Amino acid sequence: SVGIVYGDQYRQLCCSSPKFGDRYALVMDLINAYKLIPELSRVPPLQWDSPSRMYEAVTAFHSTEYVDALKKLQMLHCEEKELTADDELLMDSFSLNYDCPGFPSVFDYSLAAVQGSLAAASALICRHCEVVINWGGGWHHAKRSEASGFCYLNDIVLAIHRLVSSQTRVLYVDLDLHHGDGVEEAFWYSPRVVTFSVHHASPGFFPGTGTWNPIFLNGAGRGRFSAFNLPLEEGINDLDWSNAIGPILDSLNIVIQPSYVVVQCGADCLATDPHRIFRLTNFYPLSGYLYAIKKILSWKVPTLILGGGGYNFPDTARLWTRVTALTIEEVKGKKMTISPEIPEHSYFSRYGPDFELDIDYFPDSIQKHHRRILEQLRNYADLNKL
């Protein structure tokens, strides 16, 4: 089936943070308003039988001391008694500050997306679902011992780690505006997890990686050549982004032959995102995201589709509703007819002023990157005997 991760507690926790507020509820209530929910298998988030099991699951990637620091931070924020100098030092040493501050549910909230993405991986492994969607997941910046970019725990690394430890090769495809640095770094030394991030990069722009360093770094040890990056200039539209990524994705699939694909589908590339870096749409006559996802799904590899960035909440929901409907279509083979008009539902008023499903927008560097990447794909294949 097509799985989708949700649940009452999961929804409350994914909506408990100060940065993303109720985005996740808008997403899942828009998916429900368009009657897509009866087509999807509900995947419940994973729960553990003990603190020790939860700890062993999260410290498959993250360090125990970082995990202890994040739990203590939540408890500290469940008081209003502010931090001591020593606790602030401790939090600072894990970048639990500034862009990644504490708040009352920060650990539970962070853990929720891990529980979601680890259940998603399990449903794929156990053959329940061909494709599973977790729009509460996709926190690709978190590191082993460091919060970054409002990612506190890296649910993607953990889910990929569960997939590979089920020769299993995973292709990770990161469509977010921002370089997927935490997932790339986790698998820097790992040939069986090939990472491919397309993103904006430019001087001063978060997080700073995924571009020249001058040449591209692309892995080390047996991981050499297994990390792929396509940084694009600001202002790119659906068709130019589509032509830049499409032959790369296609080559990646032909050569790597992945057992699973993991797709981070962060919506901040939309023309209407407050970033206003990329000019991508959710249009489906074509949306760069719908093109890439449909391509990836035409491969017929079991596939995890995850959320990510997206700071125009109603437009993230318009995009992910369409991704969700496309997936149902490309997997079950049954047409989904979406009204161009948003249906009445609890968040209907958020879709002003037009209440249409389409976002309210009027729409050789790449060839050099293509030859670089195609040569890097050559080295990976010869290095790995494919």
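Start at 1 with the first residue shown and count on from there.
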Does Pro247 go missing in at least one third of the other entries compared here?
no
Could you find out if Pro214 - modelled in this structure - is missing from at least a third of the other PDB entries compared that contain residues on either side?
yes
Please figure out whether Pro285 and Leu286 are truly consecutive in the deposited sequence or have unmodelled residues between them, and give none, 1 to 3, 4 to 9, or 10 or more.
10 or more
In terms of residues present in the deposited sequence but not modelled, what lies between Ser251 and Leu252: none, 1 to 3, 4 to 9, or 10 or more?
none
Quick note on 239-247 and 151-159: per-entry mean CA temperature factor is higher in 239-247
Comparing 72-80 with 252-260, the one whose average Cα B-factor in the PDB entry is higher
72-80
Listed options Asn213, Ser95, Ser202, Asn218: highest C-alpha B factor recorded at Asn213
Which one of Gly182, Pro314, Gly307, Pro104 shows the biggest C-alpha B-factor in the PDB entry?
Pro104
Against its chain's modelled residues, does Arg23's Cα B factor rank lowest, middle or highest third?
middle
Cα B factor band for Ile359 (lowest, middle or highest third within the chain)
middle
State the tercile, meaning the lowest, middle or highest third, of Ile328 with respect to the CA B-factors recorded for its chain.
middle
Third assignment of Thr59 from its chain's C-alpha B-factors
lowest
Sorting the chain's CA B-factors, does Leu377 end up in the lowest, middle or highest third?
highest
